[PDB]
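Asker: The structure under discussion is supplied below as C-alpha cells; questions concerning it will follow.
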Ligand SMILES: NC(=O)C1=CN([C@@H]2O[C@H](COP(=O)(O)OP(=O)(O)OC[C@H]3O[C@@H](n4cnc5c(N)ncnc54)[C@H](OP(=O)(O)O)[C@@H]3O)[C@@H](O)[C@H]2O)C=CC1
Ligand SMILES: NC(=O)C1=CN([C@@H]2O[C@H](COP(=O)(O)OP(=O)(O)OC[C@H]3O[C@@H](n4cnc5c(N)ncnc54)[C@H](OP(=O)(O)O)[C@@H]3O)[C@@H](O)[C@H]2O)C=CC1
C-alpha cells in the first residue's frame, strides 16, 4: 500500500513505522543499513521482536549497542550465509529445502536482470558501482 | 533495591508484590503448584488454571514449592529460545542457584557437556554429589572472571555453543567472549540491561545470537506461547527430568527470619515459607486456610456501591481514588455544580477507562427527597456499601458579622445532610457498612470566626455518636488541615489517607488528626 | 504513580533561531511557546527544542522526617 513505503536515505522511516504500527513497532527487522540508520531500526522493534543484521559495516567496526533494548524480549541476530557455503553443511540442507519448496510452490520469482556480455564485464562492474540498477 | 513499579503489569499503589510461586491444595482439594506474577506469598492466591501443575503423588507439598519458577525459566531459556540440541556445550553461570540447577538438570538429560561456575567449595561439592555425570573439569569460579580461561582452554579455543548468563557487567562481557561460532547468549540478569551498558557488535561477525529472556511477559500476554512452556514443564515432570530442589523451611511466623537468611547469601537450593502444614490426605474436601492474625486493612466488595457527598471537591476526588485503589468499581459523586473543572473531568475519565461505574448525581443531601433519590440511584448500580459526607459550604466572620442565613447555609449540607443520610440509610440500606462524616479541628479545639462551622461539625459528630450506640456504623474524623488539595501545619494527602484507613479500622466513634506546628 | 526522574535522553536538538520565530505573545506581554508531546513517537516538541527518547526511572520517593 501507500503506507508501506518509507525513505531509506534518512532516519525518517522510524517515525513512519512507529506511527503506522500504532507505536507498537515491528516484529522482524531485516536490517542492511549502517551507522545511525541501524540505531533507528532498533528503536522500531516491538516486544518479542527479532533483529536480523545482514550488514557487516557496524559489525566490523565494533560500534557499541546499548543493551537496554533487551529488557523488552528481543533477539539480536547475526546473519552470515557465508558459513553455510564453506561450513554448516547440515544446516545448508534446511535452507536448501525451503528454497526448493519455494521454487516449486511459486513463491520464488526471478528478479529483473540487466545482462552484459562477457567482453563488457567491466562495464557491468561500473553499472553496479553507480548503483542505479533495480534488481 | 528494586522499585515496585519495575515489576511489569498493572499494580495498585498500596499492595505487596512478594512471592512468585507456591504449592497448596486447590478449591477442590487437589494438590497443585502454581506460578503467579506477584502476591504469591500469602495464605491465598487468585490464579488462572493455565499456570497450575498437578503435584506428582511421590512429591511433597514442601518440595513442589520450588519446581515452578526455576524449571519454567530454565526450559524457556534453553528449549524455547536457545533451542538446545543433544551433544552441545553449555556454560551455566551460578550452578548452585535454583535456575542453574534447573538448567543443568535439563542439559544433562539431553546429553550436552556443561560448564558451571560456583562461588565456593561447598557449592562445588554439592553440585558434584547431586549430578554424578558432571565432572571436575566442568567447574570454575563465578566471583572472579577466571572462568573465561578455563572454558576456552577445555573447549579447545572453540568456546561454548550456548551461554546462560546472570552475572554482572564485567562477568557478562567475559561471558560473551566464550561464545563459539553460531553461539547463543541467553541473558536472564537485569543490571546490565537496565543500566544500558554498551555491547560491542563485533561479536555478531560470527553467527552469534543474543537473547533477552524475561519470563514476566507470559503473565502479561502471549498465553498461547506460555502453554508451550507449560507442556514442556509437565513433560519434564512426568519423564523424570524435573527434580525438586533442596528446601529450607521457615514457618509462617518466622518470615522475617527467612528473608534475613536468604539475604545473608549462604543458602543453597530454594528457601520456602511453610504457611500451612500438609494434611496426610491426598485430596481434602475442605482446603480452607486456618485463621491467621494479620494487621487489619480496608477493602471493598465490587458488587456494592459507594456514595460520596461533595465528592468532586479537593478531598472528595482523592478519597474517591483511594477507594478505587481498594476496588470499589461503583461510585456516586454528589455535587450541585457538576463537572466544571478540567481536573475533575480528567480524573473521572481516568476512572471510567478502568471500568469503574462513576456517577455524578447533582442531587442534594439536605432535602430528604434528595437523600432518598441519591441513595436510590446508587442502589441501581448495586447495594449501597458506604456513604461519605464531604460536603462543605463555609461562611467566615465574627459573630457580629454573622447572620442567621449564614448559619443556615453552613449547616444545611453537613448538619441537615447528615441527618437525611442517616434516616435514609437506616430505612433502606441494610447492607451499608461505612458511614463516615469528615468533621474539622475548628470544632472542639476552637477557632476564631467559624462559629457556624463549629456548630455544623459538632452536630455531625453528635449524629455519628448516636448511630454507633445503636450498633449501626458511624465514624467522624476531625482534620487539622489538608495541604496537598489553628496552629497546625497542613497535612499531606498521603498521611491523611493512611490516617483515614487507620481510623476506619478502629472502633472509636470520633477521632481526630492534625500536625502540631 | 510515583516520582519518576530523567535517566537517559537519546537526542536533543536546540535551535535558537526557530525558537525566536516560534514564540508568540498573548493578551498579556508574557511570551509563550506551544508544546506537543507524542507518546507513540517518543518525541516532545516545544518552540525551538526537540527532545526524543526520554527515559524516566522510578526514584525511591522516600523522604526522611516525614510529618508525624
Ligand atoms: N526472566 C527473569 O527476569 C528472571 C530472572 N531470574 C534471575 O535469575 C538469577 C539467578 O537467580 P537464582 O539463581 O535462583 O538465585 P539464588 O539466590 O537461588 O542463587 C543465587 C546464586 O548467585 C549467587 N548470588 C546471587 N545473588 C547473590 C547475593 N545477593 N549474594 C551472594 N551471592 C548471590 C549465589 O552465589 P554464587 O553464584 O557466588 O555461588 C548463588 O550461586 C537472578 O538474578 C534472577 O533475577 C530468575 C527468574 C526469572
Ligand atoms: N481545609 C479544609 O477544607 C478542611 C476540611 N474540612 C471538612 O472537609 C469536608 C470537605 O471539605 P472540602 O471538600 O475541601 O470543601 P469544599 O468547599 O470543596 O466542600 C463543598 C463541596 O460540596 C459541594 N456541595 C455543597 N453543598 C452541597 C450539597 N447540598 N450536596 C452536595 N454537595 C454539596 C460543593 O459544590 P457546590 O457548591 O456546587 O454545591 C463543593 O464541591 C467538609 O465537610 C469540611 O468540614 C474541615 C476542616 C479542614
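If you go along the chain as it appears here, the first residue is 1 and each next one adds 1.
Note that Cβ sites are derived from N, Cα and C of the backbone, with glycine treated the same way.
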Asker: Hey, which of B:158, B:330, B:414 does Swiss-Prot call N6-acetyllysine?
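Answerer: Annotated as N6-acetyllysine in Swiss-Prot: B:414.
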Asker: Write down the residue from B:39, B:123, B:171 that Swiss-Prot flags as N6-acetyllysine.
Answerer: B:123
Asker: Pick from B:266, B:270, B:285, B:290: which one does Swiss-Prot list as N6-acetyllysine?
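Answerer: Among B:266, B:270, B:285, B:290, the one Swiss-Prot marks as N6-acetyllysine is B:266.
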Asker: Have a look at B:30, B:190, B:346 and find the one that Swiss-Prot tags as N6-acetyllysine.
Answerer: B:190
Asker: What recorded positions from B:3, B:13, B:311, B:317, B:414 have a chain C Cβ less than 8 Å from their own Cβ?
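Answerer: Cβ contacts with chain C under 8 Å: B:3, B:13.
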Asker: List the binding-site residues B:309, B:311, B:315 whose Cβ sits under 6 Å from any atom of ligand 2, in sequence order.
Answerer: B:309, B:315
Asker: Just name the most isolated of the recorded positions B:3, B:305, going by other Cβ atoms within 10 Å of its Cβ.
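Answerer: Relative to the other recorded positions in B:3, B:305, B:3 has the fewest Cβ atoms within 10 Å.
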Asker: Please report how many Å separate the Cα atom of residue B:3 (phosphoserine) from that of residue B:99 (NADP(+) 1 binding site), as a whole number.
Answerer: 23
Asker: Checking proximity to ligand 1 here: which recorded positions out of B:3, B:96, B:99, B:123, B:309, B:319 have their Cβ closer than 6 Å to it?
Answerer: B:96, B:99, B:123
Asker: Measuring Cα to Cα, how many Å separate residue B:313 (NADP(+) 2 binding site) from residue B:414 (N6-acetyllysine)?
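Answerer: Computed Cα spacing between residue B:313 (NADP(+) 2 binding site) and residue B:414 (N6-acetyllysine) is 14 Å.
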Asker: If you count Cβ atoms within 10 Å of the Cβ of residue B:99 (NADP(+) 1 binding site), leaving out that atom itself, what do you get?
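Answerer: For residue B:99 (NADP(+) 1 binding site), the 10 Å Cβ neighbour count is 20.
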